[PDB]
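Here is the structure we will look at, set down as structure tokens.
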Ligand SMILES: O=C(NC[C@H]1C[C@@H](NC(=O)[C@@H]2C[C@H](F)CN2)CN1C(=O)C1CC1)c1ccc(C#Cc2ccc(CN3CCOCC3)cc2)c(F)c1
Ligand SMILES: [Zn+2]
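In the deposited numbering, the protein residues as written are 1 to 165, 168 to 299.
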């Protein structure tokens, strides 16, 4: 029987918000069965908790933000990506400030910290959202789709008219490939002319070559370049896996992104949730016949 997972031990990390530039103390705690991923602003009195669910997603343009009243948690997608990748169902994420720390701009540091601490199987069936019908959303030339698939796979395409863009297309079947190996280390990227604008608007305050691929007109400015030839589209898949986990359960299905980002990802989740014909919740009493498997805890 495929069991729910939480953390074996507490994880503590320190970092900077990409946008806020604020120093932030992060604590990941075990949580009981059927808790889900709950973010917790522990710098406030009282403490403000926000389940990492589609219903709590704020209307911002820079990253995935969770909101309850006018309290926010910015840039949740890379951490939620790591949680999704390692099959963590239940955890409390405590933050000393409004923004998840950016770390190296990937999920690599999160997956390392979590796998260092280890994982704990819990005595309850892991619940999955199975895609039963195609659900798509469009806005201009951008598309995001859910397709039925006996497993979990993400296909992504970006199309920048830019000398730096390499393959802009990638597909990964996670039933037969590591989230860790393939996608976790893939860093966010910023173009010089966007970074200049965002800086002029007091955004990108934490950004550096240490936590982002910096792309001018022609080339990566980072001194050690790219971690993968296809790091850009790999990072888009990382962002998708993070937004997909706002469903609050691992997906049995395929996601296809074409020039998609968090706004359209959020639109897809909300239409999927609304269309109960297109999805159901399943458990697996026998992992040997399940279409997905997880790493030894
Ligand atoms: O939002 C940024 N990139 C968005 C990229 C990545 C991807 N989205 C994601 O990954 C989502 C969104 C979040 F990124 C996380 N998940 C999709 N996407 C796009 O579609 C872009 C074409 C629009 C971004 C990244 C780094 C910095 C940065 C920075 C920075 C600022 C200053 C300096 C200092 N420089 C020193 C040298 O002289 C210039 C300044 C260095 C880096 C920044 F200001 C902005
Ligand atoms: Zn990202």
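Built from N, CA and C at the ideal position, the CB exists for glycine as well.
How is the beta strand (DSSP E) around residue 258 delimited, first residue to last? What you label residue 258 is simply residue 256 of the chain shown in a count that begins at 1. That run of the beta strand (DSSP E) goes 252–260.
Could you check what DSSP says for residue 155 in three-state terms: helix, strand or coil? Here residue 155 corresponds to residue number 155 of the chain shown, with the count starting at 1. The answer is strand: DSSP assigns residue 155 an E or B state.
Please confirm whether any heavy atom of ligand 2 lies closer than 7 Å to the CB of residue 77. As a first step, residue 77 is located in the chain shown; it is residue number 77 there, counting from the start. Yes, Cβ of residue 77 sits closer than 7 Å to a heavy atom of ligand 2.
Does the segment 98–112 touch the segment 266–284, meaning 3 or more C-beta pairs lie closer than 8 Å? no
In chain order, what are the residues with a CB under 5 Å from some non-hydrogen atom of ligand 2? 190 and 241
Let's see if you can read the secondary structure: which residues bound the beta strand (DSSP E) around residue 51? In the chain shown, counting from the first residue as 1, residue 51 sits at position 51. First-last of the beta strand (DSSP E) with residue 51: 48–51.
Can the beta-carbon of residue 174 be found less than 8 Å from the beta-carbon of residue 185? Locating residue 174 in the chain shown gives position 172, counting from the first residue. Locating residue 185 in the chain shown gives position 183, counting from the first residue. It is a contact, given that the beta carbons lie within the stated cut-off.
Does the segment 137–147 touch the segment 49–59, meaning 3 or more C-beta pairs lie closer than 8 Å? no
Quick check on the DSSP output: the beta strand (DSSP E) that includes residue 30 runs from which residue to which? By one-based count along the chain shown, residue 30 stands at place 30. Unbroken beta strand (DSSP E) run through residue 30: 23–30.
Following the continuous beta strand (DSSP E) through residue 4, name the residue where it begins and the one where it ends. Mapped onto the chain shown, residue 4 falls at position 4. Element bounds for residue 4: 3–7.
Buried or exposed: residue 83, going by 16 or more other Cβ atoms within 10 Å of its Cβ? The residue given as residue 83 occupies position 83 in the chain shown. Burial call: buried.
Can you find a heavy atom of ligand 1 that lies under 7 Å from the Cβ of residue 211? On the chain shown, residue 211 is found 209 positions in, with the first residue counted as 1. At least one heavy atom of ligand 1 is nearer than 7 Å to the Cβ of residue 211, so yes.
Contact between the segment 209–221 and the segment 107–115 is defined here as three or more beta-carbon pairs at a separation below 8 Å; is this criterion met? no
Given a threshold of 16 other Cβ atoms within 10 Å of its Cβ, counted over all protein chains shown, does residue 199 qualify as buried or as exposed? Taking the chain shown and counting its residues from 1, one reaches residue 199 at position 197. The residue is exposed, with fewer than 16 neighbouring Cβ atoms inside 10 Å.
Excluding five sequence neighbours on each side, which residues of the same chain lie with their C-beta closer than 6 Å to the C-beta of residue 31? Here the question's residue 31 lines up with position 31 in the chain shown. Within the same chain, residue 31 has close Cβ partners 6, 90, 91 and 92.
Compute the Euclidean distance between the alpha carbons of residue 29 and residue 11, then round it to the nearest angstrom. On the chain shown, residue 29 is found 29 positions in, with the first residue counted as 1. On the chain shown, residue 11 is found 11 positions in, with the first residue counted as 1. Roughly 7 Å separates the two Cα atoms.
Suppose the cutoff is 8 Å on Cβ atoms and the five residues either side in sequence are ignored; what does the same chain contact list for residue 277 look like? As a working mapping, residue 277 is identified with position 275 in the chain shown. Hits under 8 Å: 133 and 135.
In terms of alpha-carbon separation, which member of 131, 86 and 130 lies closest to residue 113? Working through the chain shown from its first residue, we reach residue 113 at position 113. For residue 113, the nearest C-alpha among the options comes from 86.
Looking only at DSSP bridge pairs, what is residue 120 linked to? Taking the chain shown and counting its residues from 1, one reaches residue 120 at position 120. DSSP output for residue 120 lists 6 as bridge partner(s).
Would you kindly check if the distance between the Cβ of residue 161 and the Cβ of residue 261 is under 8 Å? Numbered from its first residue, the chain shown carries residue 261 at position 259. Numbered from its first residue, the chain shown carries residue 161 at position 161. Against a cut-off of 8 Å, the Cβ pair of residue 161 and residue 261 comes out as no contact.
Taking the alpha helix (DSSP H) that residue 77 falls in, what are its first and last residues? One-based indexing of the chain shown puts residue 77 at position 77. Counting along the chain, the alpha helix (DSSP H) containing residue 77 begins and ends at 77–85.
Name the DSSP bridge partner or partners of residue 112? Along the chain shown, one-based indexing puts residue 112 at 112. In DSSP, residue 112 forms no bridge with anything.
I need the straight-line Cα distance from residue 71 to residue 155, nearest angstrom please. For the purposes of this step, residue 71 is taken as residue 71 along the chain shown, with counting starting at 1. For the purposes of this step, residue 155 is taken as residue 155 along the chain shown, with counting starting at 1. Distance between the alpha carbons of residue 71 and residue 155: 34 Å.
Going by DSSP, name the residue or residues bridged to residue 191. Residue numbering aside, residue 191 sits at position 189 when the chain shown is read from its first letter. Residue 191 pairs with 215.
Per DSSP, which one or two residues make a beta bridge with residue 95? Taking the first residue of the chain shown as position 1, residue 95 is located at position 95. Its beta-bridge partners are 26 and 41.
At a cut-off of 7 Å, is residue 66 close to ligand 1 when judged by its beta-carbon and the heavy atoms of the ligand? On the chain shown, position 66 is the one that residue 66 refers to. No, Cβ of residue 66 sits at least 7 Å from all heavy atoms of ligand 1.
Simplified DSSP assignment, three categories, for residue 243: Numbered from 1 along the chain shown, position 241 holds the residue referred to as residue 243. It is helical.
Proximity of residue 147 and residue 256 at Cβ, strictly below 8 Å: Here residue 147 is taken as the residue at index 147 of the chain shown, counted from 1. Here residue 256 is taken as the residue at index 254 of the chain shown, counted from 1. Contact flag set, yes.
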